[PDB]
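**Student:** Structure file entry.tsv, TSV, N, CA and C atoms, is pasted below:
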```
chain	number	residue	atom	x	y	z
A	1	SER	N	-7.01	-1.77	9.00
A	1	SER	CA	-6.89	-0.31	9.34
A	1	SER	C	-5.50	0.15	8.93
A	2	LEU	N	-5.32	1.45	8.71
A	2	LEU	CA	-4.01	1.90	8.27
A	2	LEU	C	-2.91	1.75	9.31
A	3	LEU	N	-3.29	1.49	10.56
A	3	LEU	CA	-2.30	1.29	11.61
A	3	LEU	C	-1.68	-0.09	11.42
A	4	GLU	N	-2.52	-1.07	11.10
A	4	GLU	CA	-2.04	-2.43	10.86
A	4	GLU	C	-1.23	-2.43	9.58
A	5	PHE	N	-1.78	-1.78	8.56
A	5	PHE	CA	-1.10	-1.72	7.28
A	5	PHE	C	0.30	-1.19	7.50
A	6	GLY	N	0.42	-0.16	8.33
A	6	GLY	CA	1.73	0.41	8.62
A	6	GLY	C	2.66	-0.59	9.27
A	7	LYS	N	2.11	-1.41	10.16
A	7	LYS	CA	2.89	-2.43	10.86
A	7	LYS	C	3.30	-3.54	9.90
A	8	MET	N	2.41	-3.87	8.97
A	8	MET	CA	2.69	-4.91	7.97
A	8	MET	C	3.84	-4.43	7.09
A	9	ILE	N	3.80	-3.16	6.70
A	9	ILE	CA	4.84	-2.58	5.86
A	9	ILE	C	6.19	-2.62	6.57
A	10	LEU	N	6.20	-2.19	7.83
A	10	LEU	CA	7.42	-2.19	8.62
A	10	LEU	C	8.01	-3.60	8.71
A	11	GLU	N	7.16	-4.58	9.00
A	11	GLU	CA	7.61	-5.97	9.10
A	11	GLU	C	8.21	-6.47	7.80
A	12	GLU	N	7.58	-6.13	6.68
A	12	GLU	CA	8.04	-6.57	5.36
A	12	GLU	C	9.30	-5.89	4.85
A	13	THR	N	9.34	-4.57	4.96
A	13	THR	CA	10.45	-3.78	4.42
A	13	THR	C	11.49	-3.20	5.36
A	14	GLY	N	11.18	-3.08	6.64
A	14	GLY	CA	12.14	-2.51	7.56
A	14	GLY	C	12.03	-1.00	7.52
A	15	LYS	N	11.11	-0.50	6.70
A	15	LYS	CA	10.89	0.94	6.57
A	15	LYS	C	9.60	1.36	7.26
A	16	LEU	N	9.61	2.54	7.88
A	16	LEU	CA	8.42	3.05	8.53
A	16	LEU	C	7.50	3.60	7.45
A	17	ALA	N	6.22	3.24	7.51
A	17	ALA	CA	5.24	3.70	6.52
A	17	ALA	C	5.23	5.21	6.41
A	18	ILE	N	5.16	5.83	7.60
A	18	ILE	CA	4.99	7.26	7.75
A	18	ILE	C	6.22	7.98	8.07
A	19	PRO	N	7.01	8.16	7.03
A	19	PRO	CA	8.20	8.75	6.26
A	19	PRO	C	8.21	8.26	4.83
A	20	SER	N	8.64	7.00	4.84
A	20	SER	CA	8.94	6.27	3.60
A	20	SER	C	7.89	6.12	2.50
A	21	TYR	N	6.63	5.88	2.87
A	21	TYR	CA	5.58	5.67	1.87
A	21	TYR	C	4.38	6.61	1.92
A	22	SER	N	4.34	7.50	2.90
A	22	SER	CA	3.21	8.41	3.03
A	22	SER	C	3.21	9.61	2.07
A	23	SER	N	4.34	9.90	1.43
A	23	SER	CA	4.41	11.03	0.50
A	23	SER	C	5.33	10.68	-0.65
A	24	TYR	N	5.26	9.43	-1.09
A	24	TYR	CA	6.11	8.94	-2.17
A	24	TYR	C	5.43	8.95	-3.54
A	25	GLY	N	6.08	9.57	-4.51
A	25	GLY	CA	5.53	9.63	-5.85
A	25	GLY	C	4.16	10.28	-5.96
A	26	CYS	N	3.34	9.75	-6.86
A	26	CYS	CA	2.00	10.27	-7.10
A	26	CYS	C	0.88	9.55	-6.38
A	27	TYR	N	1.13	8.32	-5.94
A	27	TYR	CA	0.11	7.51	-5.29
A	27	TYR	C	0.32	7.00	-3.88
A	28	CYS	N	1.53	7.09	-3.36
A	28	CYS	CA	1.76	6.59	-2.01
A	28	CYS	C	1.35	7.59	-0.92
A	29	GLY	N	0.33	7.22	-0.15
A	29	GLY	CA	-0.15	8.07	0.94
A	29	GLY	C	-0.68	9.40	0.45
A	30	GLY	N	-1.96	9.44	0.11
A	30	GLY	CA	-2.51	10.66	-0.42
A	30	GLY	C	-2.26	10.52	-1.92
A	31	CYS	N	-3.11	9.69	-2.55
A	31	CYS	CA	-3.14	9.44	-4.00
A	31	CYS	C	-4.28	10.14	-4.75
A	32	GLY	N	-4.01	10.71	-5.92
A	32	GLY	CA	-5.07	11.38	-6.65
A	32	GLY	C	-4.95	11.09	-8.13
A	33	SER	N	-3.85	11.54	-8.70
A	33	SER	CA	-3.66	11.33	-10.12
A	33	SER	C	-2.24	11.38	-10.68
A	34	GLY	N	-2.17	11.15	-11.98
A	34	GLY	CA	-0.92	11.14	-12.70
A	34	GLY	C	-0.52	9.72	-13.06
A	35	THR	N	0.71	9.61	-13.54
A	35	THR	CA	1.28	8.33	-13.93
A	35	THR	C	2.24	7.94	-12.82
A	36	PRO	N	2.14	6.70	-12.32
A	36	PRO	CA	3.03	6.26	-11.25
A	36	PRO	C	4.48	6.46	-11.69
A	37	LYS	N	5.30	7.02	-10.82
A	37	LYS	CA	6.70	7.31	-11.12
A	37	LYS	C	7.62	6.09	-11.27
A	38	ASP	N	7.39	5.05	-10.48
A	38	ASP	CA	8.20	3.85	-10.53
A	38	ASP	C	7.44	2.66	-9.95
A	39	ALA	N	8.11	1.51	-9.88
A	39	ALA	CA	7.47	0.30	-9.39
A	39	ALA	C	6.80	0.44	-8.04
A	40	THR	N	7.49	1.08	-7.10
A	40	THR	CA	6.94	1.29	-5.77
A	40	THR	C	5.67	2.13	-5.85
A	41	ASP	N	5.69	3.17	-6.68
A	41	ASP	CA	4.53	4.04	-6.84
A	41	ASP	C	3.40	3.24	-7.48
A	42	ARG	N	3.77	2.27	-8.31
A	42	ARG	CA	2.75	1.44	-8.96
A	42	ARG	C	2.10	0.51	-7.93
A	43	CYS	N	2.87	0.10	-6.93
A	43	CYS	CA	2.30	-0.73	-5.88
A	43	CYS	C	1.19	0.07	-5.21
A	44	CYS	N	1.46	1.35	-4.94
A	44	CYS	CA	0.48	2.20	-4.28
A	44	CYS	C	-0.73	2.45	-5.17
A	45	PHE	N	-0.50	2.60	-6.46
A	45	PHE	CA	-1.60	2.82	-7.40
A	45	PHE	C	-2.54	1.61	-7.35
A	46	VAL	N	-1.97	0.42	-7.47
A	46	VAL	CA	-2.75	-0.82	-7.46
A	46	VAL	C	-3.47	-0.96	-6.12
A	47	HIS	N	-2.77	-0.56	-5.06
A	47	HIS	CA	-3.36	-0.59	-3.72
A	47	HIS	C	-4.56	0.37	-3.61
A	48	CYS	N	-4.43	1.59	-4.13
A	48	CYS	CA	-5.53	2.54	-4.15
A	48	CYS	C	-6.70	1.92	-4.95
A	49	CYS	N	-6.36	1.29	-6.08
A	49	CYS	CA	-7.39	0.62	-6.93
A	49	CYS	C	-8.10	-0.56	-6.20
A	50	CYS	N	-7.31	-1.33	-5.44
A	50	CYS	CA	-7.83	-2.46	-4.69
A	50	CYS	C	-8.88	-1.97	-3.69
A	51	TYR	N	-8.58	-0.88	-3.00
A	51	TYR	CA	-9.53	-0.31	-2.04
A	51	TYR	C	-10.74	0.20	-2.81
A	52	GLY	N	-10.50	0.68	-4.02
A	52	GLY	CA	-11.57	1.19	-4.85
A	52	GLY	C	-12.58	0.14	-5.26
A	53	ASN	N	-12.18	-1.13	-5.20
A	53	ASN	CA	-13.08	-2.22	-5.55
A	53	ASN	C	-14.05	-2.47	-4.38
A	54	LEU	N	-13.81	-1.80	-3.26
A	54	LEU	CA	-14.62	-1.98	-2.05
A	54	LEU	C	-15.32	-0.69	-1.58
A	55	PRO	N	-16.27	-0.17	-2.37
A	55	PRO	CA	-17.03	1.06	-2.05
A	55	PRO	C	-17.73	1.10	-0.69
A	56	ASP	N	-18.22	-0.04	-0.21
A	56	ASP	CA	-18.91	-0.06	1.06
A	56	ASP	C	-18.13	-0.59	2.24
A	57	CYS	N	-16.80	-0.58	2.10
A	57	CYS	CA	-15.93	-1.02	3.17
A	57	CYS	C	-15.20	0.23	3.61
A	58	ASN	N	-14.58	0.17	4.79
A	58	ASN	CA	-13.85	1.31	5.34
A	58	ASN	C	-12.45	0.85	5.74
A	59	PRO	N	-11.52	0.79	4.77
A	59	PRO	CA	-10.12	0.37	4.91
A	59	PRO	C	-9.25	1.08	5.95
A	60	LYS	N	-9.45	2.38	6.12
A	60	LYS	CA	-8.63	3.11	7.07
A	60	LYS	C	-8.94	2.81	8.54
A	61	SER	N	-10.19	2.48	8.84
A	61	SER	CA	-10.58	2.21	10.22
A	61	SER	C	-10.98	0.79	10.62
A	62	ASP	N	-11.33	-0.05	9.65
A	62	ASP	CA	-11.74	-1.42	9.96
A	62	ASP	C	-10.50	-2.28	10.18
A	63	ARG	N	-10.42	-2.95	11.33
A	63	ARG	CA	-9.26	-3.78	11.63
A	63	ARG	C	-9.52	-5.24	11.32
A	64	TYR	N	-8.54	-5.88	10.70
A	64	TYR	CA	-8.63	-7.29	10.37
A	64	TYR	C	-7.57	-7.99	11.19
A	65	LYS	N	-7.58	-9.31	11.17
A	65	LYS	CA	-6.59	-10.08	11.91
A	65	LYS	C	-5.75	-10.86	10.91
A	66	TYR	N	-4.45	-10.92	11.15
A	66	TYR	CA	-3.58	-11.68	10.27
A	66	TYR	C	-2.46	-12.26	11.12
A	67	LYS	N	-1.86	-13.33	10.63
A	67	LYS	CA	-0.77	-14.00	11.32
A	67	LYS	C	0.32	-14.25	10.30
A	68	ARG	N	1.54	-14.45	10.77
A	68	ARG	CA	2.64	-14.74	9.87
A	68	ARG	C	2.89	-16.23	10.06
A	69	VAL	N	2.79	-16.98	8.98
A	69	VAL	CA	3.12	-18.38	9.02
A	69	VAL	C	4.58	-18.31	8.56
A	70	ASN	N	5.51	-18.31	9.51
A	70	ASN	CA	6.92	-18.02	9.25
A	70	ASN	C	7.23	-17.54	7.85
A	71	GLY	N	7.05	-16.23	7.74
A	71	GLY	CA	7.28	-15.52	6.51
A	71	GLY	C	6.02	-15.09	5.79
A	72	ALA	N	5.16	-16.05	5.49
A	72	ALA	CA	3.93	-15.78	4.77
A	72	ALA	C	2.91	-14.99	5.57
A	73	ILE	N	2.17	-14.13	4.89
A	73	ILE	CA	1.12	-13.34	5.53
A	73	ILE	C	-0.16	-14.12	5.29
A	74	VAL	N	-0.87	-14.44	6.37
A	74	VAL	CA	-2.12	-15.18	6.24
A	74	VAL	C	-3.25	-14.36	6.85
A	75	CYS	N	-4.20	-13.97	6.02
A	75	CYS	CA	-5.33	-13.20	6.50
A	75	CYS	C	-6.30	-14.13	7.20
A	76	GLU	N	-6.68	-13.78	8.42
A	76	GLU	CA	-7.60	-14.61	9.18
A	76	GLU	C	-9.04	-14.21	8.92
A	77	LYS	N	-9.94	-15.17	9.10
A	77	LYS	CA	-11.36	-14.96	8.85
A	77	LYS	C	-12.01	-13.86	9.69
A	78	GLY	N	-12.62	-12.90	9.00
A	78	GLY	CA	-13.31	-11.81	9.66
A	78	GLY	C	-14.56	-11.53	8.86
A	79	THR	N	-14.99	-10.28	8.81
A	79	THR	CA	-16.16	-9.95	8.00
A	79	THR	C	-15.67	-9.94	6.55
A	80	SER	N	-16.60	-9.89	5.61
A	80	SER	CA	-16.23	-9.88	4.20
A	80	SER	C	-15.29	-8.71	3.90
A	81	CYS	N	-15.61	-7.54	4.43
A	81	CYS	CA	-14.79	-6.36	4.20
A	81	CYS	C	-13.39	-6.53	4.77
A	82	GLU	N	-13.32	-7.04	5.99
A	82	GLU	CA	-12.02	-7.25	6.63
A	82	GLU	C	-11.14	-8.22	5.83
A	83	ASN	N	-11.75	-9.28	5.30
A	83	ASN	CA	-10.99	-10.25	4.51
A	83	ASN	C	-10.41	-9.60	3.25
A	84	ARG	N	-11.24	-8.84	2.56
A	84	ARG	CA	-10.82	-8.18	1.33
A	84	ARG	C	-9.80	-7.06	1.56
A	85	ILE	N	-9.99	-6.29	2.63
A	85	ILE	CA	-9.04	-5.21	2.95
A	85	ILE	C	-7.68	-5.84	3.23
A	86	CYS	N	-7.69	-6.91	4.02
A	86	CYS	CA	-6.45	-7.59	4.36
A	86	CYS	C	-5.71	-8.09	3.11
A	87	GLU	N	-6.44	-8.65	2.14
A	87	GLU	CA	-5.78	-9.13	0.93
A	87	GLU	C	-5.17	-7.97	0.14
A	88	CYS	N	-5.84	-6.82	0.14
A	88	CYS	CA	-5.32	-5.65	-0.57
A	88	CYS	C	-4.02	-5.19	0.07
A	89	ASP	N	-4.01	-5.14	1.40
A	89	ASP	CA	-2.83	-4.71	2.15
A	89	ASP	C	-1.68	-5.69	2.01
A	90	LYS	N	-1.99	-6.98	2.12
A	90	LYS	CA	-0.97	-8.03	1.98
A	90	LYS	C	-0.26	-7.90	0.63
A	91	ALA	N	-1.03	-7.69	-0.43
A	91	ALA	CA	-0.47	-7.55	-1.77
A	91	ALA	C	0.45	-6.33	-1.86
A	92	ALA	N	0.03	-5.22	-1.26
A	92	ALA	CA	0.83	-4.00	-1.29
A	92	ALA	C	2.15	-4.20	-0.55
A	93	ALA	N	2.10	-4.83	0.62
A	93	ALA	CA	3.31	-5.08	1.41
A	93	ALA	C	4.30	-5.95	0.65
A	94	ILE	N	3.78	-6.96	-0.05
A	94	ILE	CA	4.62	-7.86	-0.83
A	94	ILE	C	5.21	-7.11	-2.01
A	95	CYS	N	4.38	-6.29	-2.65
A	95	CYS	CA	4.82	-5.51	-3.78
A	95	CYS	C	5.96	-4.56	-3.34
A	96	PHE	N	5.80	-3.93	-2.18
A	96	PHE	CA	6.85	-3.04	-1.68
A	96	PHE	C	8.16	-3.80	-1.49
A	97	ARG	N	8.06	-4.98	-0.90
A	97	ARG	CA	9.23	-5.82	-0.66
A	97	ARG	C	9.90	-6.23	-1.96
A	98	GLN	N	9.10	-6.55	-2.97
A	98	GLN	CA	9.65	-6.98	-4.24
A	98	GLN	C	10.35	-5.85	-4.99
A	99	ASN	N	10.01	-4.62	-4.65
A	99	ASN	CA	10.59	-3.47	-5.33
A	99	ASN	C	11.47	-2.57	-4.48
A	100	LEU	N	11.94	-3.08	-3.35
A	100	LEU	CA	12.81	-2.30	-2.47
A	100	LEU	C	14.08	-1.87	-3.19
A	101	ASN	N	14.56	-2.70	-4.11
A	101	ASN	CA	15.79	-2.39	-4.83
A	101	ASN	C	15.74	-1.15	-5.70
A	102	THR	N	14.55	-0.67	-6.04
A	102	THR	CA	14.46	0.54	-6.87
A	102	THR	C	13.84	1.71	-6.13
A	103	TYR	N	13.60	1.54	-4.83
A	103	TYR	CA	13.03	2.62	-4.03
A	103	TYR	C	14.01	3.78	-4.14
A	104	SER	N	13.50	4.98	-4.44
A	104	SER	CA	14.35	6.15	-4.60
A	104	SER	C	13.92	7.35	-3.76
A	105	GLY	N	14.86	7.87	-2.98
A	105	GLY	CA	14.57	9.02	-2.14
A	105	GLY	C	14.14	10.25	-2.91
A	106	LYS	N	14.53	10.34	-4.18
A	106	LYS	CA	14.16	11.50	-4.98
A	106	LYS	C	12.65	11.55	-5.20
A	107	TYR	N	11.94	10.51	-4.78
A	107	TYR	CA	10.50	10.49	-4.94
A	107	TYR	C	9.76	10.82	-3.65
A	108	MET	N	10.50	10.97	-2.56
A	108	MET	CA	9.90	11.32	-1.28
A	108	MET	C	9.44	12.77	-1.40
A	109	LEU	N	8.33	13.10	-0.77
A	109	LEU	CA	7.80	14.46	-0.81
A	109	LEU	C	7.72	14.99	-2.24
A	110	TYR	N	7.28	14.13	-3.15
A	110	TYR	CA	7.14	14.47	-4.56
A	110	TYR	C	6.05	15.52	-4.75
A	111	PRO	N	6.35	16.62	-5.48
A	111	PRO	CA	5.40	17.71	-5.74
A	111	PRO	C	4.18	17.32	-6.57
A	112	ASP	N	3.00	17.76	-6.14
A	112	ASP	CA	1.77	17.45	-6.84
A	112	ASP	C	1.75	17.84	-8.32
A	113	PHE	N	2.25	19.03	-8.66
A	113	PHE	CA	2.21	19.47	-10.05
A	113	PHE	C	2.93	18.53	-11.04
A	114	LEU	N	3.83	17.68	-10.55
A	114	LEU	CA	4.55	16.76	-11.43
A	114	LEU	C	3.77	15.49	-11.71
A	115	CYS	N	2.62	15.34	-11.06
A	115	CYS	CA	1.79	14.17	-11.28
A	115	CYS	C	0.79	14.53	-12.35
A	116	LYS	N	1.19	14.28	-13.59
A	116	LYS	CA	0.38	14.60	-14.74
A	116	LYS	C	-0.02	13.32	-15.47
A	117	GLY	N	-1.31	13.07	-15.55
A	117	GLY	CA	-1.72	11.88	-16.25
A	117	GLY	C	-3.07	11.27	-15.95
A	118	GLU	N	-3.31	10.19	-16.68
A	118	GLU	CA	-4.53	9.42	-16.60
A	118	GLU	C	-4.15	7.96	-16.62
A	119	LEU	N	-4.53	7.25	-15.57
A	119	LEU	CA	-4.27	5.83	-15.49
A	119	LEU	C	-5.51	5.27	-14.85
A	120	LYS	N	-6.25	4.47	-15.61
A	120	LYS	CA	-7.47	3.89	-15.08
A	120	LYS	C	-7.15	2.58	-14.40
A	121	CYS	N	-7.87	2.30	-13.32
A	121	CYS	CA	-7.68	1.06	-12.59
A	121	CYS	C	-8.03	-0.14	-13.46
```
Would you mind writing the file out in structure tokens?
**Tutor:**
Amino acid sequence: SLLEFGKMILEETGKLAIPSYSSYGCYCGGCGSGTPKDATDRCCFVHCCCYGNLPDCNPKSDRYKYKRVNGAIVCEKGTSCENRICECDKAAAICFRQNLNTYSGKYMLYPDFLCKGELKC
């Protein structure tokens, strides 16, 4: 669920999802189109695509279980959808962490009209 995803993000980056990633670039929190602005925005694009591979799952509301094996994120066994949603979220959280060094405030609250493009999953 997006509540867990938010908690996973906070644990990984030290940043609150809802400021930091809910209105970043063209794909973070409310994604539609254009070319990802930077690495962090690309993490969100791939994340939107990952959810897209799961048409009959409900990522925003289905809760999965995960544990931290001192540092590592380990998705615990649930339904097929829960397992796959968890892997999508885990990847996004790791991607965010790997690209914290280029996170840029100038991309927060990025205007829709500047998202011009076509990028297929």
**Student:** Can you measure atom N of residue 29 of chain A to atom C of residue 89 of chain A for me? One decimal in Å is fine.
**Tutor:** 13.2 Å
**Student:** Using all atoms listed in the file, which protein or nucleic acid residues come within 6.5 Å of segment 57-64 of chain A? Drop anything in the same chain fewer than 5 positions from it, and give the result as a VMD selection string.
**Tutor:** chain A and resid 1 to 3 76 81 to 83 85 to 86
**Student:** Emit as JSON the padded axis-aligned box for all listed atoms of segment 30-39 of chain A, 5 Å per side, with centre and edge lengths in Å to one decimal.
**Tutor:**
```
{"center_x": 1.6, "center_y": 5.9, "center_z": -6.9, "size_x": 23.3, "size_y": 21.2, "size_z": 24.0}
```
**Student:** Residues within 8 Å of segment 6-12 of chain A, please, as a PyMOL selection string. Count all atoms listed in the file; anything in the same chain fewer than 2 positions from it doesn't count.
**Tutor:** chain A and resi 1-4+14-18+89-90+92-94+96-98
**Student:** Have a look at A:69, A:34, A:91, A:25 and name the one nearest to residue 47 of chain A; count all atoms listed in the file.
**Tutor:**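 Checking each candidate against residue 47 of chain A, we get A:91 as the closest.
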**Student:** Suppose you want the space between atom CA of residue 101 of chain A and atom CA of residue 21 of chain A; what is it in Å?
**Tutor:**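 Atom CA of residue 21 of chain A lies 14.6 Å from atom CA of residue 101 of chain A.
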**Student:** Interatomic distance between atom N of residue 110 of chain A and atom N of residue 45 of chain A?
**Tutor:** 14.3 Å
**Student:** Here is a test: counting only N, CA and C atoms, which residue of A:40, A:102, A:53, A:35 is nearest to residue 117 of chain A?
**Tutor:** A:35
**Student:** Closest to residue 48 of chain A among A:99, A:88, A:79, A:68, using only C-alpha atoms?
**Tutor:**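 Closest to residue 48 of chain A of all the choices is A:88.
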**Student:** When you count only N, CA and C atoms, which of these residues is closest to residue 103 of chain A: A:39, A:121, A:49, A:54?
**Tutor:**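 Going through A:39, A:121, A:49, A:54 one by one, the smallest distance to residue 103 of chain A is for A:39.
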**Student:** When DSSP works through the backbone of this structure, what residues of chain A end up as strand (DSSP E or B), shown as a PyMOL selection string?
**Tutor:** chain A and resi 24+28+66-69+72-75+108
**Student:** What lies within 6.5 Å of residue 27 of chain A using all atoms listed in the file, ignoring chain neighbours under 5 positions off, as an mmCIF file with N, CA and C atoms, in the coordinates of the input?
**Tutor:**
```cif
data_model
loop_
_atom_site.group_PDB
_atom_site.id
_atom_site.type_symbol
_atom_site.label_atom_id
_atom_site.label_comp_id
_atom_site.auth_asym_id
_atom_site.auth_seq_id
_atom_site.Cartn_x
_atom_site.Cartn_y
_atom_site.Cartn_z
ATOM 1 N N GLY A 32 -4.010 10.710 -5.920
ATOM 2 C CA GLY A 32 -5.070 11.380 -6.650
ATOM 3 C C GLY A 32 -4.950 11.090 -8.130
ATOM 4 N N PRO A 36 2.140 6.700 -12.320
ATOM 5 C CA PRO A 36 3.030 6.260 -11.250
ATOM 6 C C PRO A 36 4.480 6.460 -11.690
ATOM 7 N N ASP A 41 5.690 3.170 -6.680
ATOM 8 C CA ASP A 41 4.530 4.040 -6.840
ATOM 9 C C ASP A 41 3.400 3.240 -7.480
ATOM 10 N N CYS A 44 1.460 1.350 -4.940
ATOM 11 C CA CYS A 44 0.480 2.200 -4.280
ATOM 12 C C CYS A 44 -0.730 2.450 -5.170
ATOM 13 N N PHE A 45 -0.500 2.600 -6.460
ATOM 14 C CA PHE A 45 -1.600 2.820 -7.400
ATOM 15 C C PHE A 45 -2.540 1.610 -7.350
#
```
**Student:** Considering all atoms listed in the file, return as JSON, numbers by chain whatever protein or nucleic-acid residues lie within 5 Å of residue 24 of chain A, sequence-local ones (same chain, fewer than 2 positions apart) excluded.
**Tutor:** {"A": [21, 22, 26, 27, 28, 107, 108, 109]}
**Student:** Grab segment 100-114 of chain A from that structure and dump N, CA and C atoms to a file, as a PDB file, in the first residue's frame.
**Tutor:**
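Final output, out31.pdb:
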```pdb
ATOM      1  N   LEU A 100      20.244   9.760  -4.252  1.00  0.00           N
ATOM      2  CA  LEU A 100      20.044  10.883  -3.341  1.00  0.00           C
ATOM      3  C   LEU A 100      20.998  12.029  -3.652  1.00  0.00           C
ATOM      4  N   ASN A 101      22.199  11.696  -4.117  1.00  0.00           N
ATOM      5  CA  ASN A 101      23.200  12.713  -4.417  1.00  0.00           C
ATOM      6  C   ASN A 101      22.829  13.693  -5.522  1.00  0.00           C
ATOM      7  N   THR A 102      21.856  13.348  -6.363  1.00  0.00           N
ATOM      8  CA  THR A 102      21.456  14.264  -7.428  1.00  0.00           C
ATOM      9  C   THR A 102      20.039  14.786  -7.256  1.00  0.00           C
ATOM     10  N   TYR A 103      19.420  14.466  -6.125  1.00  0.00           N
ATOM     11  CA  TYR A 103      18.071  14.949  -5.858  1.00  0.00           C
ATOM     12  C   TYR A 103      18.150  16.471  -5.893  1.00  0.00           C
ATOM     13  N   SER A 104      17.239  17.104  -6.625  1.00  0.00           N
ATOM     14  CA  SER A 104      17.244  18.555  -6.754  1.00  0.00           C
ATOM     15  C   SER A 104      15.903  19.216  -6.433  1.00  0.00           C
ATOM     16  N   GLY A 105      15.937  20.180  -5.520  1.00  0.00           N
ATOM     17  CA  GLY A 105      14.728  20.882  -5.135  1.00  0.00           C
ATOM     18  C   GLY A 105      14.055  21.615  -6.282  1.00  0.00           C
ATOM     19  N   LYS A 106      14.814  21.960  -7.315  1.00  0.00           N
ATOM     20  CA  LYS A 106      14.229  22.667  -8.446  1.00  0.00           C
ATOM     21  C   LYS A 106      13.229  21.787  -9.189  1.00  0.00           C
ATOM     22  N   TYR A 107      13.143  20.517  -8.801  1.00  0.00           N
ATOM     23  CA  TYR A 107      12.197  19.619  -9.447  1.00  0.00           C
ATOM     24  C   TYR A 107      10.949  19.383  -8.617  1.00  0.00           C
ATOM     25  N   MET A 108      10.926  19.928  -7.406  1.00  0.00           N
ATOM     26  CA  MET A 108       9.762  19.794  -6.539  1.00  0.00           C
ATOM     27  C   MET A 108       8.668  20.660  -7.158  1.00  0.00           C
ATOM     28  N   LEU A 109       7.421  20.217  -7.051  1.00  0.00           N
ATOM     29  CA  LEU A 109       6.295  20.966  -7.599  1.00  0.00           C
ATOM     30  C   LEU A 109       6.546  21.376  -9.047  1.00  0.00           C
ATOM     31  N   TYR A 110       7.101  20.449  -9.817  1.00  0.00           N
ATOM     32  CA  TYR A 110       7.410  20.678 -11.224  1.00  0.00           C
ATOM     33  C   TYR A 110       6.117  20.840 -12.036  1.00  0.00           C
ATOM     34  N   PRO A 111       6.016  21.912 -12.848  1.00  0.00           N
ATOM     35  CA  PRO A 111       4.836  22.201 -13.678  1.00  0.00           C
ATOM     36  C   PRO A 111       4.548  21.162 -14.761  1.00  0.00           C
ATOM     37  N   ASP A 112       3.286  20.771 -14.891  1.00  0.00           N
ATOM     38  CA  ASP A 112       2.880  19.790 -15.882  1.00  0.00           C
ATOM     39  C   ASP A 112       3.270  20.127 -17.322  1.00  0.00           C
ATOM     40  N   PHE A 113       3.099  21.384 -17.739  1.00  0.00           N
ATOM     41  CA  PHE A 113       3.408  21.746 -19.124  1.00  0.00           C
ATOM     42  C   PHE A 113       4.863  21.477 -19.539  1.00  0.00           C
ATOM     43  N   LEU A 114       5.774  21.350 -18.580  1.00  0.00           N
ATOM     44  CA  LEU A 114       7.179  21.093 -18.908  1.00  0.00           C
ATOM     45  C   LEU A 114       7.465  19.613 -19.130  1.00  0.00           C
TER      46      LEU A 114
END
```
